[PDB]
Structures are given as C-alpha cells and as structure tokens.
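Chemist: Following this message is one structure expressed as structure tokens.
Note that we place each Cβ from the backbone using ideal geometry, even for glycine, and neighbour counts take in every protein chain shown. Computed from the coordinates by the stated procedures, all read-outs in this text should not be read as laboratory data.
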Amino acid sequence: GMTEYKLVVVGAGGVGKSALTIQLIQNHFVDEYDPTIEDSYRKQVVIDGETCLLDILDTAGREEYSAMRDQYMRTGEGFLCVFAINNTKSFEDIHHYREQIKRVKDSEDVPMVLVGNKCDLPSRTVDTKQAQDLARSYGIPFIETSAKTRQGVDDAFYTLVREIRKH
Amino acid sequence: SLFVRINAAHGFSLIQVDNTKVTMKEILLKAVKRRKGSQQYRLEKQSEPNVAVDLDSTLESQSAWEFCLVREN
Ligand SMILES: Nc1nc2c(ncn2[C@@H]2O[C@H](COP(=O)(O)OP(=O)(O)NP(=O)(O)O)[C@@H](O)[C@H]2O)c(=O)[nH]1
Ligand SMILES: [Mg+2]
C-alpha cells in the first residue's frame, strides 16, 4: 500500500529547517526559533498518484550536536539541504553538508534537493544563479522556498521523493 | 547538553532542559506544543507502560530520560 520515504533536513542553524518541516506537518508558521536538537515527524501524503508515508527528521544546525550527524546520515534515503538566501555562509555550508553525506553514505549517488529558504525577505545575498549553477555541479534540483508564505514547501519535499525514486 | 526524549505516536522529540529540576508538567506542555498544534495528554516512562508520571515531580526525581507522549485512556 504505502511506500515509506525517510527524509532528512540538513543545513546551517537558523536557515528555517524547522519552519519548513512544521509548515508541511501542522500547516502553520511560527517566528519563535526554538533551536532544534533532533525531531521526527511522520505524515501521510499523496505524491503524483502514489500514496506514501513521509519520515521527516529535523536536524540541528549547531555543530555542537554534530556527533548525531554521523548516525542519521546513514538512515535517511534523501536529504533536503537548506540554506538562507539572505545568509551567504549557510549557502557555503551546503558544500560541507553534501560532502559529509557523500562519505558517511559512502556513495556519490545520494538523492538530494537544494533549498533556498526565506523567499519573502526583500534583501538577498545569494542570487538564483549561484544556487542554480551549484545545483548542476551537484546534479540535483534547486527549489526556492518561503516557509512563511508556504511557497515551495511541498514542491521541495515532493521533488526529494521523486529523486529517491532512483531505481 | 541536557535533553529528554519524548516518544510519540508519529515520531519523537528531543527536548532540551536548562536545569535538571524542571517539572514533569512543564516537560509535557513543551512536548504537546512541538508534537502537536498547541495546548487529554499524559506522560509515561517508556520502560514501564502506564506509569502516569507525577507532573509535580522533577527530572532529578525521575530515573529515566525517555518518556512516552500518550493520550488519556
Ligand atoms: N521571513 C522568514 N523567516 C523565516 C523563514 N523560515 C524561517 N524563518 C525564521 O528563521 C528563524 C529560524 O527558523 P528555524 O526553522 O527555527 O531554523 P532552523 O534552521 O531550524 N535552526 P536550528 O538548526 O538552529 O534549529 C526563525 O525566526 C523563523 O521564524 C521564512 O521562510 N521567512
Ligand atoms: Mg531548527
């Protein structure tokens, strides 16, 4: 009946990993920024005709909890790499997260989606070209999202499931 | 550095506690607010089903770091 996809949301602290996950789970945005350690959510969704259950893992952006990273990057099937379009270095930190995933998983072939969050913000530090060119370099789709207006939230998770459908 | 694990029906949450002398009541309220929408819910310890952890009691009094978020009856 239901195919299970295990998703992991990685990225630097404050980029909105929790906000995106909470938006898709319980359908509202909050500006509290309650810092994350680790949280799991399971939601039933319909994807392009296929009924599937999503296993979402929300990771900590603070490297203080980097020890748990070696353990969850070996469990999930796809990774949602999120940076803030108004934070240059979180965009730079994307390369670090990919490389760590590639060598914990011990595979270049790992299903992933680049996510630039906080579209609603007026001032932008990372242009679309920088993320798009980086996306082709990694051979993965790039999706721009805004957790506050819910733009691209489903799109990003849905594309990750489609990428996980690699044979 | 100091967190508790709350096991729920549809996942788990690691809840950081600033100090070890927090209520079991305060932990429950943060658990429901993160797992669910807001705000019929009780804590039990994972090792022993149906303990109905005392909400007055502190975490120092508890002999566990793992509790289950379960609905009343
Ligand atoms: N304007 C705007 N603010 C956003 C958006 N997404 C998240 N934020 C804000 O950014 C802050 C951090 O969001 P949060 O989801 O907690 O970040 P995180 O990546 O989970 N942080 P951490 O890893 O430390 O737990 C919060 O104040 C939140 O409201 C967005 O799309 N737009
Ligand atoms: Mg977070």
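Chemist: Cβ-Cβ below 9 Å, separation at least six or inter-chain, first residue in region A:26-38 and within 9 Å of another protein chain (Cβ to nearest Cβ), second within 6 Å of ligand 1 (Cβ to nearest atom) and not in a loop (DSSP other than H, G, I, E, B): which pairs?
Modeler: A:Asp34/A:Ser18; A:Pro35/A:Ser18; A:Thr36/A:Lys17; A:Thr36/A:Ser18
Chemist: Just checking, how many residues over region A:1-33 are within 6 Å of ligand 1 (Cβ to nearest atom) and in a loop (DSSP other than H, G, I, E, B)?
Modeler: Total meeting the criteria: 6.
Chemist: Continuing with this model, one more query. All but one of (1) within 14 Å of chain A (Cβ to nearest Cβ); (2) part of a loop (DSSP other than H, G, I, E, B); (3) in contact with a helix residue (DSSP H, G or I) (Cβ under 9 Å, 6 or more places away or on another chain) hold for B:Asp18; state the number of the condition that does not hold.
Modeler: (3)
Chemist: For B:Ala8, indicate whether it is among the hydrophobic types (A, V, I, L, M, F, W, C), more than 9 Å from chain A (Cβ to nearest Cβ), out of contact with any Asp or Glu (no Cβ under 6 Å at 6 or more places or on another chain) and closer than 20 Å to B:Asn73 by Cα. Show your work before the answer.
Modeler: Numbers: among the hydrophobic types (A, V, I, L, M, F, W, C): yes; more than 9 Å from chain A (Cβ to nearest Cβ): no; out of contact with any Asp or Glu (no Cβ under 6 Å at 6 or more places or on another chain): yes; closer than 20 Å to B:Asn73 by Cα: yes.
Here the answer is no, as B:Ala8 does not meet what is asked.
Chemist: Evaluate the following for A:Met73: is it of a type in the set (A, V, I, L, M) and buried (at least 17 other Cβ atoms within 10 Å of the Cβ)?
Modeler: yes
Chemist: Against the condition within 16 Å of ligand 2 (Cβ to nearest atom) and either surrounded by fewer than 16 Cβ atoms within 10 Å (Cβ to Cβ) or farther than 22 Å from A:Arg162 by Cα (or both), how does A:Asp93 come out, does it pass?
Modeler: On the way: within 16 Å of ligand 2 (Cβ to nearest atom): yes; either surrounded by fewer than 16 Cβ atoms within 10 Å (Cβ to Cβ) or farther than 22 Å from A:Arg162 by Cα (or both): yes.
Here the answer is yes, as A:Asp93 does meet what is asked.
Chemist: Among the residues of region A:139-167, which ones are assigned to a helix (DSSP H, G or I) and farther than 13 Å from A:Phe83 by Cβ? Lay out the reasoning, then the answer.
Modeler: Taking region A:139-167 as the starting set, the residues that turn out to be assigned to a helix (DSSP H, G or I) are A:153-164.
A:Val153, A:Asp154, A:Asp155, A:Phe157, A:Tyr158, A:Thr159, A:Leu160, A:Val161, A:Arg162, A:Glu163, A:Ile164 - these are the residues of region A:139-167 that are assigned to a helix (DSSP H, G or I) and farther than 13 Å from A:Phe83 by Cβ.
Chemist: Answer yes if at least one residue in region A:4-18 is at the interface with another protein chain (Cβ under 10 Å from one of its Cβ atoms), under 20 Å from B:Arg5 (Cα atoms) and surrounded by 11 or more Cβ atoms within 10 Å (Cβ to Cβ), and no otherwise. Reasoning before the result, please.
Modeler: At the first step, the residues of region A:4-18 found to be at the interface with another protein chain (Cβ under 10 Å from one of its Cβ atoms) are A:18.
When the remaining residues are screened for being under 20 Å from B:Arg5 (Cα atoms), the result is A:18.
When the remaining residues are screened for being surrounded by 11 or more Cβ atoms within 10 Å (Cβ to Cβ), the result is A:18.
Within region A:4-18 (the criterion being at the interface with another protein chain (Cβ under 10 Å from one of its Cβ atoms), under 20 Å from B:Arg5 (Cα atoms) and surrounded by 11 or more Cβ atoms within 10 Å (Cβ to Cβ)), the answer is yes, since at least one residue qualifies.
Chemist: Count, please, the residues in region A:99-114 that happen to be surrounded by fewer than 20 Cβ atoms within 10 Å (Cβ to Cβ) and outside any loop (DSSP other than H, G, I, E, B).
Modeler: The total comes to 5.
Chemist: Here are some residues: B:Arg34, B:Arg42. Which one is within 14 Å of another protein chain (Cβ to nearest Cβ), among the basic types (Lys, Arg), out of contact with any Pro (no Cβ under 8 Å at 6 or more places or on another chain) and not in a loop (DSSP other than H, G, I, E, B)?
Modeler: Going through B:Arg34, B:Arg42 in turn, the sole match is B:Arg34.
Chemist: Among the residues of region A:16-44, write down those that are over 21 Å from A:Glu144 (Cα atoms) and touching a strand residue (DSSP E or B) at 6+ places or on another chain (Cβ under 7 Å).
Modeler: A:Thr36, A:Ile37, A:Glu38, A:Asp39, A:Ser40, A:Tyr41, A:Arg42, A:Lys43, A:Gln44
Chemist: Conditions: (1) within 13 Å of chain B (Cβ to nearest Cβ); (2) more than 14 Å from ligand 2 (Cβ to nearest atom); (3) within 24 Å of A:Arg103 (Cα to Cα); (4) in contact with a helix residue (DSSP H, G or I) (Cβ under 9 Å, 6 or more places away or on another chain). A:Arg74 meets all but one. Number of the miss?
Modeler: Single failed check for A:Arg74: (1).
Chemist: Out of the residues in region A:41-67 that are within 13 Å of ligand 2 (Cβ to nearest atom) and surrounded by 15 or more Cβ atoms within 10 Å (Cβ to Cβ), state the one that is nearest to the other protein chains (Cβ to nearest Cβ).
Modeler: A:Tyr41
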